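The data block below is query-v3.txt; it holds compact mmCIF, C-alpha atoms.
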# COMPACT_ATOMS: atom_id res chain seq x y z
CA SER A 1 28.69 179.88 53.32
CA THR A 2 32.14 179.10 54.67
CA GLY A 3 35.70 180.33 54.30
CA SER A 4 39.10 178.74 54.87
CA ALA A 5 42.44 180.57 54.77
CA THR A 6 45.98 179.58 55.62
CA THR A 7 47.79 181.64 58.25
CA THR A 8 51.60 181.79 58.18
CA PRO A 9 54.16 182.85 60.81
CA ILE A 10 55.93 186.11 59.91
CA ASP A 11 59.31 184.88 61.14
CA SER A 12 61.20 181.94 62.65
CA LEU A 13 59.88 182.71 66.16
CA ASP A 14 56.15 182.80 65.36
CA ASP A 15 56.11 186.45 66.50
CA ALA A 16 52.81 186.87 64.63
CA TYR A 17 50.78 185.20 61.87
CA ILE A 18 49.56 186.69 58.60
CA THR A 19 46.58 185.65 56.52
CA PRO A 20 45.88 186.84 52.96
CA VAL A 21 42.72 188.95 52.57
CA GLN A 22 41.14 190.19 49.35
CA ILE A 23 39.87 193.78 49.45
CA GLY A 24 38.10 195.67 46.69
CA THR A 25 37.39 195.17 42.99
CA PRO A 26 39.57 194.04 41.32
CA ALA A 27 40.94 192.28 44.39
CA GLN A 28 43.84 193.81 46.28
CA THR A 29 45.42 191.11 48.45
CA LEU A 30 46.88 192.28 51.75
CA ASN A 31 48.40 190.08 54.46
CA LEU A 32 46.60 190.86 57.71
CA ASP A 33 47.18 189.89 61.33
CA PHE A 34 43.95 188.25 62.51
CA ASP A 35 43.48 189.54 66.04
CA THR A 36 40.84 188.05 68.35
CA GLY A 37 41.82 190.74 70.89
CA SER A 38 40.60 193.75 68.87
CA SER A 39 37.72 194.72 66.61
CA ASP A 40 39.05 196.98 63.85
CA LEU A 41 39.94 195.89 60.32
CA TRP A 42 42.58 198.43 59.35
CA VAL A 43 45.11 198.54 56.55
CA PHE A 44 48.16 200.33 55.31
CA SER A 45 46.88 202.40 52.40
CA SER A 46 47.54 205.06 49.79
CA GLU A 47 46.62 207.51 52.59
CA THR A 48 49.30 206.32 55.04
CA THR A 49 51.99 208.92 55.80
CA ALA A 50 54.76 207.96 53.37
CA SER A 51 57.57 207.98 55.95
CA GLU A 52 55.59 205.44 57.99
CA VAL A 53 55.40 202.86 55.20
CA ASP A 54 58.40 200.51 54.83
CA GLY A 55 57.67 197.54 52.57
CA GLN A 56 53.99 196.91 53.33
CA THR A 57 51.45 196.30 50.60
CA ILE A 58 48.91 199.12 50.57
CA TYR A 59 45.20 199.29 49.86
CA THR A 60 44.35 201.96 47.30
CA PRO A 61 40.62 202.69 47.49
CA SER A 62 40.69 204.87 44.35
CA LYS A 63 41.56 201.72 42.37
CA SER A 64 38.57 199.76 43.71
CA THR A 65 35.26 200.13 41.87
CA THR A 66 33.40 198.97 45.00
CA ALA A 67 35.11 201.30 47.53
CA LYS A 68 33.05 204.11 49.03
CA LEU A 69 34.17 206.70 51.57
CA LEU A 70 32.25 206.32 54.83
CA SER A 71 31.78 210.04 55.09
CA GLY A 72 32.81 211.64 58.37
CA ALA A 73 34.00 208.40 59.98
CA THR A 74 37.37 208.27 61.71
CA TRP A 75 39.14 205.69 63.84
CA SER A 76 41.99 205.60 66.33
CA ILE A 77 43.30 202.64 68.29
CA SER A 78 45.94 202.00 70.91
CA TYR A 79 47.09 198.47 71.65
CA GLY A 80 48.43 196.95 74.86
CA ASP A 81 52.02 196.99 73.59
CA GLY A 82 51.92 200.77 73.21
CA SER A 83 51.47 200.72 69.44
CA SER A 84 48.77 202.66 67.65
CA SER A 85 47.20 203.66 64.36
CA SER A 86 44.45 205.96 63.09
CA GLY A 87 42.74 207.22 59.98
CA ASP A 88 39.50 207.34 58.04
CA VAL A 89 37.12 204.69 56.68
CA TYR A 90 35.89 203.16 53.44
CA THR A 91 33.37 200.43 52.88
CA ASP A 92 34.38 197.76 50.37
CA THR A 93 34.07 194.08 49.54
CA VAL A 94 36.31 191.89 51.67
CA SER A 95 36.94 188.18 51.17
CA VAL A 96 38.74 185.70 53.40
CA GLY A 97 39.41 182.21 52.14
CA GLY A 98 36.50 182.37 49.70
CA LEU A 99 34.01 183.96 52.13
CA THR A 100 32.84 187.38 50.97
CA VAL A 101 31.36 190.28 52.92
CA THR A 102 30.06 193.30 51.04
CA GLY A 103 29.97 196.69 52.75
CA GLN A 104 32.74 195.84 55.22
CA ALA A 105 34.30 198.82 57.02
CA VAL A 106 37.92 198.98 55.88
CA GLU A 107 39.79 201.41 58.11
CA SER A 108 42.47 203.21 56.10
CA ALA A 109 45.51 204.25 58.12
CA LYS A 110 46.73 207.80 57.86
CA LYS A 111 49.20 207.25 60.71
CA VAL A 112 50.80 204.17 62.24
CA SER A 113 53.30 203.89 65.08
CA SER A 114 56.86 202.70 64.66
CA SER A 115 56.19 199.05 65.60
CA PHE A 116 53.86 198.76 62.60
CA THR A 117 56.20 200.55 60.20
CA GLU A 118 59.01 198.21 61.22
CA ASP A 119 56.96 195.05 60.56
CA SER A 120 57.13 194.98 56.74
CA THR A 121 55.27 191.65 56.65
CA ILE A 122 52.05 192.93 58.30
CA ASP A 123 49.80 194.99 56.01
CA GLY A 124 47.18 195.60 58.71
CA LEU A 125 44.95 193.90 61.25
CA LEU A 126 41.63 192.08 61.02
CA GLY A 127 39.87 192.26 64.36
CA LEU A 128 37.84 189.29 65.58
CA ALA A 129 36.85 190.38 69.11
CA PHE A 130 33.32 191.69 69.72
CA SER A 131 32.13 194.67 67.70
CA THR A 132 31.52 196.68 70.88
CA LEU A 133 35.30 197.38 70.90
CA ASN A 134 35.35 198.80 67.36
CA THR A 135 36.82 202.34 67.41
CA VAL A 136 35.07 203.96 64.43
CA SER A 137 33.36 207.23 65.31
CA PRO A 138 30.68 208.54 65.23
CA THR A 139 29.11 205.32 63.91
CA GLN A 140 30.67 202.17 65.34
CA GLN A 141 31.28 199.44 62.76
CA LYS A 142 31.01 195.65 62.77
CA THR A 143 33.82 193.13 62.45
CA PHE A 144 34.22 190.90 59.43
CA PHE A 145 32.93 187.95 61.49
CA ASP A 146 29.89 189.88 62.73
CA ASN A 147 29.04 190.89 59.17
CA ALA A 148 29.54 187.34 57.84
CA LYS A 149 27.72 185.58 60.65
CA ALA A 150 24.19 185.42 59.25
CA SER A 151 25.48 183.90 56.00
CA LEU A 152 27.68 181.29 57.66
CA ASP A 153 26.65 177.65 57.84
CA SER A 154 27.36 177.85 61.60
CA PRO A 155 28.13 181.06 63.55
CA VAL A 156 31.73 180.12 64.35
CA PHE A 157 35.30 180.59 63.35
CA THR A 158 38.28 178.44 64.33
CA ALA A 159 41.95 179.16 64.91
CA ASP A 160 44.44 176.38 64.22
CA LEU A 161 47.83 178.05 64.57
CA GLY A 162 51.02 176.18 63.77
CA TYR A 163 54.23 175.90 65.74
CA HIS A 164 56.92 177.15 63.35
CA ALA A 165 54.53 176.16 60.53
CA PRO A 166 51.43 177.40 58.72
CA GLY A 167 47.95 176.85 60.12
CA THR A 168 44.35 177.69 59.30
CA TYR A 169 41.50 180.08 60.07
CA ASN A 170 38.10 178.60 59.13
CA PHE A 171 34.80 180.48 59.09
CA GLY A 172 31.40 178.82 59.35
CA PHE A 173 32.38 175.20 60.04
CA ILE A 174 34.37 172.97 62.36
CA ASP A 175 36.88 170.74 60.54
CA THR A 176 36.58 167.47 62.45
CA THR A 177 39.83 166.22 60.83
CA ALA A 178 41.86 169.07 62.35
CA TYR A 179 41.86 167.94 65.99
CA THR A 180 42.11 164.81 68.11
CA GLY A 181 39.68 163.66 70.81
CA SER A 182 36.75 165.92 71.66
CA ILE A 183 36.27 169.67 71.88
CA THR A 184 35.69 171.02 75.38
CA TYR A 185 33.55 174.15 75.46
CA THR A 186 33.74 176.78 78.18
CA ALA A 187 31.75 179.92 78.98
CA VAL A 188 32.64 183.33 77.61
CA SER A 189 32.02 186.75 79.11
CA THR A 190 31.62 189.51 76.54
CA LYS A 191 31.46 192.23 79.20
CA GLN A 192 34.85 193.66 78.24
CA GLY A 193 34.42 192.94 74.51
CA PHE A 194 36.90 190.06 74.48
CA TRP A 195 36.75 186.29 74.18
CA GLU A 196 37.13 186.14 77.96
CA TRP A 197 36.97 182.80 79.75
CA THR A 198 38.19 181.09 82.93
CA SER A 199 40.83 178.37 82.86
CA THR A 200 40.50 175.76 85.58
CA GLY A 201 44.20 175.60 86.49
CA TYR A 202 47.68 174.62 85.43
CA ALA A 203 50.60 172.25 85.74
CA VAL A 204 54.33 172.72 85.17
CA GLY A 205 56.06 169.88 83.36
CA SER A 206 55.16 166.53 84.91
CA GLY A 207 54.00 168.23 88.11
CA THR A 208 50.65 167.94 89.78
CA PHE A 209 47.77 169.99 88.42
CA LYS A 210 46.84 173.02 90.50
CA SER A 211 43.10 173.67 90.42
CA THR A 212 42.64 177.43 90.38
CA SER A 213 40.46 179.81 88.35
CA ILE A 214 42.40 181.98 85.88
CA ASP A 215 40.29 184.54 84.02
CA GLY A 216 41.83 185.58 80.72
CA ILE A 217 41.31 186.30 77.04
CA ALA A 218 41.92 184.21 73.96
CA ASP A 219 44.00 186.59 71.86
CA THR A 220 45.49 185.46 68.54
CA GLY A 221 47.11 188.89 68.16
CA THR A 222 49.30 188.50 71.26
CA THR A 223 52.45 186.42 70.79
CA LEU A 224 53.04 185.16 74.34
CA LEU A 225 51.18 183.65 77.29
CA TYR A 226 50.65 186.22 80.08
CA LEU A 227 49.55 184.77 83.42
CA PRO A 228 49.54 185.78 87.10
CA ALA A 229 52.93 186.30 88.72
CA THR A 230 52.41 183.33 91.06
CA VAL A 231 51.86 180.93 88.13
CA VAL A 232 54.73 182.34 86.08
CA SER A 233 57.15 182.16 89.02
CA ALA A 234 56.20 178.51 89.58
CA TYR A 235 56.96 177.76 85.93
CA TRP A 236 60.35 179.50 85.71
CA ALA A 237 61.45 178.09 89.07
CA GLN A 238 61.75 174.77 87.23
CA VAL A 239 64.35 176.15 84.80
CA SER A 240 67.90 176.39 86.13
CA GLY A 241 69.21 179.93 85.80
CA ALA A 242 65.91 181.50 84.75
CA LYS A 243 65.20 184.95 86.16
CA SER A 244 63.08 188.00 85.62
CA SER A 245 65.12 190.78 84.07
CA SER A 246 63.88 194.35 84.37
CA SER A 247 66.47 195.42 81.80
CA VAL A 248 65.15 192.92 79.23
CA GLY A 249 61.49 193.28 80.24
CA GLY A 250 60.60 189.80 81.45
CA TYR A 251 61.75 186.30 82.22
CA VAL A 252 64.87 185.09 80.47
CA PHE A 253 66.56 181.72 80.69
CA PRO A 254 69.84 180.12 79.61
CA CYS A 255 69.68 179.17 75.95
CA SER A 256 71.24 175.83 76.98
CA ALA A 257 68.08 174.87 78.92
CA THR A 258 65.49 172.28 78.07
CA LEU A 259 62.16 173.87 78.95
CA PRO A 260 59.35 171.99 80.71
CA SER A 261 55.88 171.85 79.23
CA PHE A 262 53.01 173.92 80.62
CA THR A 263 49.47 172.59 80.96
CA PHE A 264 46.33 174.71 81.24
CA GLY A 265 42.84 173.53 82.13
CA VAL A 266 39.69 173.93 80.07
CA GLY A 267 36.94 172.53 82.25
CA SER A 268 38.05 168.98 83.06
CA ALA A 269 40.21 168.91 79.92
CA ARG A 270 43.89 169.75 79.68
CA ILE A 271 45.90 171.44 76.91
CA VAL A 272 49.66 170.79 77.01
CA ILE A 273 52.04 173.42 75.65
CA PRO A 274 55.34 171.68 74.80
CA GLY A 275 58.46 173.26 76.27
CA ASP A 276 59.80 174.15 72.84
CA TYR A 277 56.80 176.44 72.26
CA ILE A 278 57.98 178.57 75.20
CA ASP A 279 61.40 179.33 73.65
CA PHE A 280 61.60 182.73 71.96
CA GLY A 281 65.31 182.57 71.32
CA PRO A 282 68.23 184.87 72.08
CA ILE A 283 67.32 188.26 73.54
CA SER A 284 69.72 189.85 71.03
CA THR A 285 71.60 188.28 68.17
CA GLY A 286 74.27 185.88 69.46
CA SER A 287 73.24 186.10 73.12
CA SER A 288 73.17 183.03 75.34
CA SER A 289 70.20 184.51 77.23
CA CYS A 290 66.88 183.45 75.73
CA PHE A 291 63.46 185.09 76.07
CA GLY A 292 60.62 183.18 77.71
CA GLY A 293 57.24 182.58 76.15
CA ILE A 294 55.39 182.65 79.49
CA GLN A 295 55.44 186.08 81.13
CA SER A 296 53.70 187.84 83.99
CA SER A 297 50.44 189.67 83.35
CA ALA A 298 51.02 191.89 86.41
CA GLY A 299 50.51 195.46 85.29
CA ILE A 300 48.71 194.46 82.07
CA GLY A 301 45.52 194.16 84.05
CA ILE A 302 44.36 191.00 82.27
CA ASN A 303 45.67 187.50 81.66
CA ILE A 304 46.23 186.75 77.97
CA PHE A 305 46.14 183.33 76.33
CA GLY A 306 48.15 184.42 73.30
CA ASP A 307 49.68 182.38 70.50
CA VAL A 308 51.98 180.33 72.77
CA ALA A 309 48.86 178.82 74.33
CA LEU A 310 46.48 178.88 71.38
CA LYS A 311 48.85 177.18 68.94
CA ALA A 312 48.86 174.10 71.20
CA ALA A 313 45.13 173.66 70.52
CA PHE A 314 42.38 173.68 67.93
CA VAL A 315 40.26 176.62 69.12
CA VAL A 316 36.60 177.28 68.36
CA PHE A 317 35.29 180.82 68.67
CA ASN A 318 31.56 180.16 68.90
CA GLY A 319 29.61 183.33 68.14
CA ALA A 320 26.15 181.87 68.72
CA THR A 321 23.66 183.93 70.73
CA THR A 322 25.43 182.71 73.87
CA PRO A 323 29.10 182.75 72.84
CA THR A 324 31.50 180.08 74.03
CA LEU A 325 35.07 178.92 73.41
CA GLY A 326 36.08 175.39 72.52
CA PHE A 327 39.51 173.79 72.89
CA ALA A 328 40.73 170.46 71.54
CA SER A 329 44.15 168.88 71.40
CA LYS A 330 45.62 168.32 67.92
Let me see the file written as structure tokens.
Amino acid sequence: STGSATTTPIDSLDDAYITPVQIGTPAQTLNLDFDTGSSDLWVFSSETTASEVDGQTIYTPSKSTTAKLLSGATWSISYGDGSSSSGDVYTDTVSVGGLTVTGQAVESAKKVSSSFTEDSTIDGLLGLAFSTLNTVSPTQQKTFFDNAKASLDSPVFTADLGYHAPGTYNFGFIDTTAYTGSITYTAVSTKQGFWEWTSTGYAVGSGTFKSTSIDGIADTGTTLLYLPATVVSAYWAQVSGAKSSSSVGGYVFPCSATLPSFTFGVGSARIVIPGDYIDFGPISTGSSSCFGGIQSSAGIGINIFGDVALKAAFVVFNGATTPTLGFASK
């Protein structure tokens, strides 16, 4: 089997991407944030505290003939941005782009933090990291990908995110029309439960490539590119007037600037992030200070190849017995 679904930016900045997902019988379609940095499929629901719902579409298990309470199971998750959610668990039929999993754990939110309430366009998350990070207790549950894997034509999914445009998540096949050149594969460590890999270095603009190992995670659920302070300083040093602002919470730059590109290494291959991808616009409405798309990972504890990086590539998440990651230009 295979599946193919379009993923769409939630706003003009590509702050996140949503993908329609069918849950239950008859289908209830919710728009979920596919997150390769976590491993819970959770949704706003008829159980979510009413004051914490503001425009989201909810899953109502009582209206699904295939929903079953997973008795005694609870979940609770905290994300790196300080947001969180928790609740109980149903199993139900879940379909993505024509690919169906029966018996998928659907984590129903009883509580969500303010960041989620305020994002009316995101009806929940679909985790695509390794199932070892799943938070359901006392019986840990599998991700949608893990459940689908044995049925897939090939044990892979691909992320093809657009810059200010829709893109595609495919399951079970590699669309050879969706990228240019060849795909370069690189080793993955699953020790922390993430799609963790080591970039071979970077360049700023038309500058020389610096060969240096940068361990990080491929995380479709993180908006920006978070890299070591040394790398990030070298980038922003090439932008007149750019500075790190503790009041704003990161690097800002004059909105009048033209940003240089940023290149990262994948083995001997190179992925170029155009300068425009690094512009996240005014810090507040009408401001002439703009927020940067490359930020320091210092104090996160991990480098994160988020959407800024991933959307410059066609990315293969290879979940074969030895997992790997593939990157191609597009």
inquiry  = Measuring between only C-alpha atoms, which one of A:204, A:239, A:23, A:234 shows the shortest distance to residue 258 in chain A?
reply    = A:239
query = Using only C-alpha atoms, which of the listed residues (A:147, A:104, A:114, A:60) sits closest to residue 82 in chain A?
reply =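 Result for the nearest residue to residue 82 in chain A: A:114.
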key: Residue among A:262, A:202, A:294, A:274 lying closest to residue 242 in chain A, counting only C-alpha atoms   = A:294
request  = Just give me the gap between CA of residue 13 in chain A and CA of residue 275 in chain A in Å, one decimal is fine.
outcome  =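 We find that CA of residue 13 in chain A and CA of residue 275 in chain A lie 13.9 Å from each other.
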inquiry  = The residues within 9 Å of (30.8, 198.5, 53.4), using only C-alpha atoms and the coordinates of the file, should be reported as a VMD selection string; which are they?
reply    = chain A and resid 66 to 68 70 90 to 94 101 to 106
